[PDB]
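Reading through the C-alpha cells given below for one structure.
Below, chain A is the first sequence line, B the second, and so on; all start at residue 1. Note that these values count all heavy atoms, side chains included, but never hydrogens, waters or copies made by symmetry.
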Amino acid sequence: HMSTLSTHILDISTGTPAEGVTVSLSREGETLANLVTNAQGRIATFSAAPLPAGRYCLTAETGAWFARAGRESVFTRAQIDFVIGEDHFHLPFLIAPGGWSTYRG
Amino acid sequence: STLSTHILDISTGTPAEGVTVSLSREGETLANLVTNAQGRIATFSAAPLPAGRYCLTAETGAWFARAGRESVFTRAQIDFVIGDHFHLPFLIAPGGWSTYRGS
Amino acid sequence: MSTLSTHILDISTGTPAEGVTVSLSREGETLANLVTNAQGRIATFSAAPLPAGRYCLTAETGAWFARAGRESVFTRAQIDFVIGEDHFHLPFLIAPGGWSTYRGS
Amino acid sequence: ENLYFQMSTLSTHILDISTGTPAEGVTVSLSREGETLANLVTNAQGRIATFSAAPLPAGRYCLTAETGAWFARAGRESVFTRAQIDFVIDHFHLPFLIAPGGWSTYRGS
C-alpha cells in the first residue's frame, strides 16, 4: 500500500507547540523533503501524492532547535525509522531537552 | 509485594530530588515520602503490601512551583492494582508526564 | 475560561482507542461522562467554556482493556490539571504496561 | 551480526510497555561517525550494563535498538523498524520504552 505523511512537534518541557523545527524525510538515504514546522508545530503533508511502499526516515532537528533558543540537549536530533506498505501516517515528536518520544497517531 | 519509584525530570534530563510522594489504599494513606538525590524512593512500606487497589501520588505541581516553574498539571496520580516487586517511575515535565511498570 | 478535548491512542497496538469512558470533574462534582469515538476522540467536555479551577479528567483504561480480554496493572488514568488559553487538549497515550499525557494542541 | 564490545560509560534498559515487562533479546548497537563500536543484546532484565570496556570519549554517538526485528520474531507487527537515539558526550543511562505503536527515550539515572 501507500500512505500520506504528517507530523506535529510539541515541546513538552514548556507545554507549547514547537515552531520552526526543521524536519526531513528520506528513503534509503535519499532526501525526499526538508520542511519546517509551523506556529502550531505542524507539517500537514510531506508529499502531493501518497508515499510508495518502502523504508522511511523522518528526522527532526531538535538539538539545533533547542540550541537556537539558548538551550542544551543531550539528544542531537530525533530520527523515526518506519515502514510504509492505512491511508495516512501521523507520526508526532514529543520533545524535551532530556528525552523524546513518538507514536503512531 | 514491595513498591518503589523513580522520578526523572525529562525537561532537564536529571533526577527529581525532593518530590513528595504519597501512597494510599482506598483513600487511606499508607506512606508519605520524599525522593532522594537520585530521584528515588526505594520502599514505601517496611512491611510487604497485601492485594488491593492502590494510589501513588507525586506532588509534581508543587515541586515545579518551588523551582518557580509553571505547569498545567497539578499532581501526578497513578492508580494500580496488586493482585512480586512493583517499580512505578514517573517521567515528569511542566507540559506532560508518564508512568510505566519498570524493573 | 477554556474548552477541553482529548484523544486516546492505544500505543500497544498503534490504533485509536474507541469506546473508552472519560469523565470530567471539579471538586468531586462531575461535569461530564463521555465515550471516545472511532478516532479515539472527545471533541468537547462542556457546552460552555470551563471556568478557572482545578479539574480531574479520568479515562477508564483498566475497564477498557478488561472488556477486550487484556490485563493491566493500571486501573484507570487520572489527569489532574488547572485552568488559570482558548483550549486544553489533553491526550492519553495508553498501553497495558504504561501511560502518558501531555498538553497538546 | 556478531556480538562485541571494547569520560562517560553508557548503559541501556529496554522495557516493553505494551506488556509491562523487560525486553529480553533485543540487539542494540553503538556507533560513532559511521563506525560501529559495539553490538550487544539485552539480558533477562532488559539491560545492557556497558557498551565499552573503558569509558567512552567525548563525541557524537548513535545507539540503535533493533525493535522491529524483536517484535517480528515474537509475531507482532509494528510500523517502527528500529529505534535510533542520537546523542552527545558522568554516566549515560539511555533507556528505550517500546511498544508496537510507539517508543520513547530519556536520560535516566
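Of the atoms belonging to A:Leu91, it is side-chain heavy atoms, and not backbone ones, that fall under 4.5 Å from chain D. Neither the backbone nor the side chain of A:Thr62 comes within contact range of chain D; no heavy atoms are under 4.5 Å apart.
Enclosure of atom CD in A:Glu72 is not indicated, since only 12 or fewer non-hydrogen atoms of other residues, nucleotides or ligands lie within 6.0 angstrom.
Note: A:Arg104 CZ to D:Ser78 OG = 9.5 Å, rounded to the nearest 0.5 Å.
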Inset, instruction - Would you please test A:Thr76 and D:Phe87 for side chain to side chain contact (heavy atoms under 4.5 Å, CB included) and show each step? - result: CA-CA 5 Å; A:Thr76 57; D:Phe87 65 102; 5.6 Å; no

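A salt bridge links D:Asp86 with A:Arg77: the distance from a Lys NZ or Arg NE/NH1/NH2 to an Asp or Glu carboxylate oxygen falls below 4.0 Å.
Within the 4.5 Å cutoff, the side chain of A:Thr102 has heavy atoms near those of the D:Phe80 side chain.
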